Trainee: 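The structure follows.
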Amino acid sequence: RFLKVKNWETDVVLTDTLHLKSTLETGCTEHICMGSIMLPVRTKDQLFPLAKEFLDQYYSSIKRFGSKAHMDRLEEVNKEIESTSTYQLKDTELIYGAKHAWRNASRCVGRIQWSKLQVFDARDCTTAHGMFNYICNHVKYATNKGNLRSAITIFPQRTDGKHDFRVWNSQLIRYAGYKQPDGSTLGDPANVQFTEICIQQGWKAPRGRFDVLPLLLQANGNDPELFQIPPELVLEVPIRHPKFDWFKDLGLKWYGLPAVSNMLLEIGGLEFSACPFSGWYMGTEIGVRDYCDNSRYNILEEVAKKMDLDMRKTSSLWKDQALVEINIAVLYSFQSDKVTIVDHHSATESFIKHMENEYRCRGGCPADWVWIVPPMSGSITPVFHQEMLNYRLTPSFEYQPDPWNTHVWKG
Amino acid sequence: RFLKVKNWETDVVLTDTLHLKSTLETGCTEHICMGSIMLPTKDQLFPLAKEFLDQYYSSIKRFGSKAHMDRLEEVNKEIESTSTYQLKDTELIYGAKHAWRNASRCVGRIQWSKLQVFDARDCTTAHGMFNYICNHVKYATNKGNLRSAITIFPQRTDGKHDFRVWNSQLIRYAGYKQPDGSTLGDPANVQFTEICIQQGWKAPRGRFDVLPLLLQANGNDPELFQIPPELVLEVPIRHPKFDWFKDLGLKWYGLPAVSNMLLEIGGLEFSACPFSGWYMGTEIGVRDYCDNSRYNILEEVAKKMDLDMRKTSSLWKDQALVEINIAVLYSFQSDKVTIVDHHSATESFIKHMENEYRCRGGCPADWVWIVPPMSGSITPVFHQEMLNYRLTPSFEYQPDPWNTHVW
Ligand code: HEM
Ligand code: HEM
Ligand SMILES: Cc1cc(N)nc(C[C@@H]2CNC[C@@H]2OCC/C=C/c2cccc(F)c2)c1
Ligand SMILES: Cc1cc(N)nc(C[C@@H]2CNC[C@@H]2OCC/C=C/c2cccc(F)c2)c1
Ligand SMILES: C[C@H](O)[C@H](O)[C@H]1CNc2nc(N)[nH]c(=O)c2N1
Ligand SMILES: C[C@H](O)[C@H](O)[C@H]1CNc2nc(N)[nH]c(=O)c2N1
Ligand SMILES: [Zn+2]
C-alpha cells in the first residue's frame, strides 16, 4: 500500500512505501491519536527474528543480500544465540546500526547529517573510570575547538539486565539547578533532581548559575561513580547581542556541545543502554527552550524590561519580541566565537531537502511534526506546511526510565 | 483504557474517559500516525439518531424519562415512514453548540455555549439564503463587538437537493491570475475568484476586493450576491510605533466566518451552516500576511525596518513577523473590533481543557492546530499533552461544491 503526503505551500506530493517495514507500535489507534503524547531480559525466542531482520537489512544495503557471507553470518549468529543466548555485532554492523538509528529518528530535524557520524566502540569497557575516559575522548573529538563533529560512543550491551552500563546524566554536559529554601531555583530548573543525586553522592557544589555537573557513571550494573569533566574540555559561549550592549551583563552563557546520554540504542535485537551521542545546536534549543520556558531560566521578563517593551498587556507581544532578540543573541554569539550552530530557518530547509531525497531513495522518511517544527516562528519555516507520517523503524533510539528509579543499590 | 494527559510545565495530569465514546475513525493505526495530515439509508440513521437523543436527554437530566422514550419512538416512527427526521429547535441548538464543543482543531472553544443559533431550515431560495446571511453578518459583527453565531439551512435529503454556500468563508478577498506572472490579491482564492467571474461577477481587480457570495438552494445552480458593503466591517492596518506601516495599504476584515463545512447532528447532514466567531491575531498576521502562498509581505516589511536580509541567521523574518502581528492586534483594538491574541487565547483553552476534563471527562484536541503558528513554546498549549478523537455532533470538511455539482 502507498501513502501520500502533501506540501501545502508547494503542492509537492510524496509517496511512502517504507512505512510497510514498520514494526513497533505508535500508541495511536483508529479511534485515538496519541501524536502529542511525549511517552506514548530478552528470550532466544524473539531474538533471532530480530537479528535476522537487521542482518537482512545490513546485507541489502551493502549489496550482498543472499551472498555466502550473508548466509554464513545468519548461521553464525543463529548458533551464538542458542549457545550463549545473545550475540556480538561486528564493527561494520555496529557502525551501520548506529547511523540507521539516527536516520530513523523521527523527532530529529538534523537528519540530513545521518551518514556522517563518528562511531566510537567502547564495548571493551568494564569500569566507570573506563567510561569517563571514553567520554572525555568523545567530548574532545566532538568539540574539536568549536568545529563540532557528530559522534556516538557505544558501551557494552545489556546482558541479563542486572549488569547494565548507564550514564546517569541526561546530557554529558549540563548545568546544575538548586532548589533554594525560599522556593526559588538557582541555575537550571530542569536539573534539580539530578543535582541532588550528585550532591548526595559526594559532589561539592559551587552553587552558581552555571555549574557544569559531574558525570555520574554506572558500569556493569554497579553503583554509579562521580567524575568531573576537565573544564578545558568544556567549550562554553558567553551570550551577547549585536545591537544591545546591556545583554552581556545578564550574565548568560551556554555550552557548545549538545550530547544526549540517557537513551537506549536498539540494533538487531540488542540493547545498548549507554550510547551517549552528540551533534551541534539549532539556536532555538537554547534561545527558545533553555532560556525561555517558564520551567527553565525564564529570562523573558528581565529581557523585556531592558528593551523597555510595554509589559502591561500580553497583546503588545512583548514576550514574542524578547524571544526573538534572545535568539538573535544566541546565533550571534556562537557565530562570533566560531562554535558550530544552525538557525531554525536553515535547519528546517535542509530537512525538507533531506526528507524529499529520503522519499526518492528510500520510499519514505518517518517524521514527527510536533517535534520537527521549531518552537518559535513555526509557520515561516517550510516544515510547518509539510505533511508527515510518523512510524517506528529499527534500528532505533528509545527512551528508558531514569536509572535512579530502577537501580538495585549495592554498596 | 483510561488515558492520562500530562502538562510538562505544571505536572498537572488529567485522566481522559470521554474518548471511549469516540465514534468516528482518526486515520491513524498502531503502525502509522497521521496526526499531521490535513484530511486523514434508514438502517444507519436510527442508531445515529438514538445516540444523539440519548446524550440530549442525559444533558437535560431526563435520561430514560417518559419525554425521552416518547421522543425516541416519535423519531423511530418518522424515519421508518419518511427515511429522515426533523430536529426540535432545542435539539438543533444543543447539536450546533456541541459540534463546536467537539471541534478538536479549535482553540476558542471556551466560548462554545455562547453560540447564537439561527434556524434557517425554512429557507427555500438563494435570495432567502442571501437574506439570512446578511442578517447573520450584521448580528455577528455588532458594530465591532463580535458575537458568535451559526446559521443552519435545510438538511440534505436525497443528496441532489443540497444547500451549499460556495465561498469557503462569508467574507474573503479576491485572487487574480496576472499577465505579470505573479498574483494580485489573495492567492488562496484564485480559483473561486475565477468561478465568480465565470458566473458573471464584475471584478474590480484590486488587492482587497470583497468577494460576492455564491449561493445554492435545493441543489440548484448557484447565484451571485454582493454583501452590502456597509455590513462588511474592515480594519485598516497600522503600527503603534512604525509610521510607515500604513503605506503598505494593508487591511483585513473583522469577521471570521467559515462557510464550507458540513454540520452532522444525530445522523442528519447540514451541508450549509456558515458560522463565525472572532479572530485570534496570528490568523491574520502570521498566516494571512506571511505564508508564502498568501499575501507574503515579510520581505517588503523587513526592508522598511532596514534589517540585515543577507543571512537567515539575523532572524529578519522572525523580527518582521512579530511586528506585522503587533500591528494587526493594535489596529483591531484601536478600531474597537474584538480580537484575541495567541497568549490570551491559549491560556483560555487551558482553563477550558481543565473544565472539560472535570465536567465531561475530557476534551478532544489536535495539538498541531491548537499550538499557534508563531511563538509556540511560550504559550502554555505547547507543553500540554492532548488526545485527539472524533465525537459527534461535528463539523466536517466536504468536497468543494463545483467539483461535485451537476451543473
Ligand atoms: C547535527 C546536529 C543535530 C541537530 C541540529 C539536531 C537537531 C535536533 C533537535 C532540534 C531535536 C529536538 C530537541 C528538542 O527540541 O527537544 C533533535 C532530537 C533528536 N535527535 Fe537530533 N540533531 C542533531 C544530531 C543528532 C545526532 C548525532 C543524533 C544521534 C545519532 C540525534 C538523534 C536525535 C534523537 C534520538 C532526538 C529525539 C530526542 C528525544 O526524543 O528526547 N540527533 N535533533
Ligand atoms: C469565538 C472565537 C473563536 C476563536 C478565537 C476560534 C479559534 C480558532 C482557530 C485559531 C482555529 C484554527 C484556524 C486555522 O489556523 O486555520 C480554529 C479552527 C476551527 N474552529 Fe474556531 N474559533 C472561534 C469560534 C468558533 C466557532 C463559533 C465555531 C463553530 C461554531 C468554531 C469552530 C471551528 C472549527 C470547525 C475549526 C477547524 C476548521 C478547519 O478544520 O479548517 N470556532 N478556531
Ligand atoms: C545530538 C543532538 C543535537 C541537537 N542539536 N539536539 C539534540 C536533542 C536535544 C538537545 N538538548 C535536549 C534535547 O534532548 C531532549 C530533551 C528533552 C526530551 C525529553 C523527552 C522525553 C521525556 C523527557 F522528560 C524529556 C541532540
Ligand atoms: C469561526 C472561526 C473563528 C476563527 N477565529 N477561526 C476560524 C477558522 C479559520 C478562519 N480562517 C482560516 C480558518 O478557516 C479554515 C482554514 C482552512 C482550512 C482548510 C481545510 C481543508 C482544506 C483546505 F484547503 C483548507 C473559524
Ligand atoms: C501539514 C499540516 O497538517 C498543516 O500545515 C497544518 C499544520 N497546523 C495548522 N494549524 C492551524 N491552526 N491551521 C492550519 O491551517 C494548519 N495547517
Ligand atoms: C506535549 C508535547 O508533545 C510536548 O510538550 C512536546 C511538544 N514539542 C516538542 N518539540 C521539541 N522539539 N521538543 C520537545 O521537548 C517538545 N515537547
Ligand atoms: Zn496518530
Side-chain angles (χ1 to χ4, degrees), chain A residues 5-9 37-39 102 105 107-110 113 117 142 148 150-152 170-174 190 255 257-263 276-286 289-290 340-342 347 369-371 373 378-379 382-388 397 399-402, chain B residues 6 8 34-40 100 103 105-108 111 115 140 146 148-150 168-172 188 255-261 274-284 286-288 291 293 338-340 342 345 366-373 395-400:
Chain A
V5 308
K6 181 157 163 194
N7 192 293
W8 289 84
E9 190 152 69
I37 305 302
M38 177 119 33
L39 304 160
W102 185 10
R107 294 184 165 175
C108 182
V109 78
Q113 290 277 334
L117 177 52
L148 280 41
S150 291
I152 180 162
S170 73
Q171 302 165 30
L172 299 180
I173 295 173
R174 263 234 160 162
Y255 48 88
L257 179 74
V260 174
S261 57
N262 61 355
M263 288 185 99
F277 55 90
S278 69
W280 55 80
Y281 276 112
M282 184 160 81
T284 54
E285 302 173 75
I286 308 157
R289 308 304 310 287
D290 297 339
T340 309
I341 190 168
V342 69
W369 192 102
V370 172
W371 283 61
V373 178
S379 88
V383 285
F384 188 91
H385 302 279
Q386 180 67 61
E387 294 186 340
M388 291 167 209
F397 288 106
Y399 294 116
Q400 30 162 21
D402 293 296
Chain B
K6 172 170 182 181
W8 294 82
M34 301 209 157
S36 72
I37 310 275
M38 284 273 336
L39 337 143
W100 181 14
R105 282 172 169 181
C106 181
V107 66
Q111 285 307 318
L115 179 65
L146 310 203
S148 287
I150 175 161
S168 45
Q169 299 182 46
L170 295 173
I171 292 166
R172 274 205 137 179
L255 193 77
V258 162
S259 67
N260 61 172
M261 289 181 92
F275 59 81
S276 73
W278 61 77
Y279 264 122
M280 167 161 88
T282 60
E283 278 178 285
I284 310 164
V286 179
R287 302 298 274 303
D288 294 323
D291 270 17
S293 64
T338 325
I339 194 157
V340 66
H342 53 292
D366 184 343
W367 188 99
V368 167
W369 286 60
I370 307 287
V371 174
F395 298 108
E396 301 286 2
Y397 305 106
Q398 53 186 323
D400 277 331

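One-based numbering, in listed order, for ligands and for the atoms of each. Values below: all heavy atoms of this structure, side chains included; hydrogens, waters and symmetry mates excluded. Per chain, numbering begins at 1; letters A, B, ... match sequence-line order.
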Trainee: Using only atom types and a distance under 3.5 Å, with no angle test, would you say the side chain of A:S278 pairs donor to acceptor with the backbone of A:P258?
Mentor: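 Judged by distance alone, no pair lies under 3.5 Å.
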Trainee: From B:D291 CG over to A:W8 CH2, what is the distance, rounded to the nearest 0.5 angstrom?
Mentor: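 Between atom CG of B:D291 and atom CH2 of A:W8 there are 12.5 Å.
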Trainee: Who pairs with B:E396 by side-chain hydrogen bond (donor to acceptor under 3.5 Å, both in side chains), at least two apart in sequence or on another chain?
Mentor: B:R390, B:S394
Trainee: Under a 4.0 Å heavy-atom cut-off, what residues line ligand 5?
Mentor: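 Around ligand 5, where the cutoff is 4.0 Å for heavy atoms, the contacting residues are A:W369, A:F384, A:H385, A:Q386, A:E387, B:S36, B:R287, B:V368, B:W369.
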Trainee: Would you name the heavy atoms of A:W102 and A:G110 that are closest together and state the gap between them?
Mentor: CZ2-O, 3.8 Å
Trainee: Quick one: does any side-chain atom of B:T338 pair with a main-chain N or O of B:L146 as donor and acceptor, under 3.5 Å?
Mentor: yes
Trainee: Which atoms form the tightest heavy-atom contact between A:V373 and A:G378, and what is the distance?
Mentor: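 So the two residues come closest at CG1-CA, 3.7 Å.
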Trainee: For A:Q400 and A:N262, indicate whether the former's side chain and the latter's backbone hold a donor-acceptor pair under 3.5 Å.
Mentor: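 Confirmed, A:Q400 side chain pairs with A:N262 backbone.
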Trainee: The criterion is side-chain hydrogen bond (donor to acceptor under 3.5 Å, both in side chains); which residues satisfy it with B:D366, sequence neighbours excluded?
Mentor: B:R105
Trainee: Go ahead and list the nitrogen or oxygen contacts between ligand 3 and the protein that come in under 3.5 Å, distances to 0.1 Å, or just say none.
Mentor:
from     : atom 1 : to     : atom 2 : distance (Å)
ligand 3 : 5 (N)  : A:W280 : O      : 2.7
ligand 3 : 5 (N)  : A:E285 : OE1    : 3.4
ligand 3 : 5 (N)  : A:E285 : OE2    : 2.7
ligand 3 : 6 (N)  : A:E285 : OE1    : 2.8
ligand 3 : 11 (N) : A:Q171 : NE2    : 3.4

Trainee: Can you check whether A:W369's main-chain N or O pairs, donor with acceptor, with B:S36's side chain at less than 3.5 Å?
Mentor: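 No, because the side chain of B:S36 does not come within donor-acceptor range (under 3.5 Å) of the backbone of A:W369.
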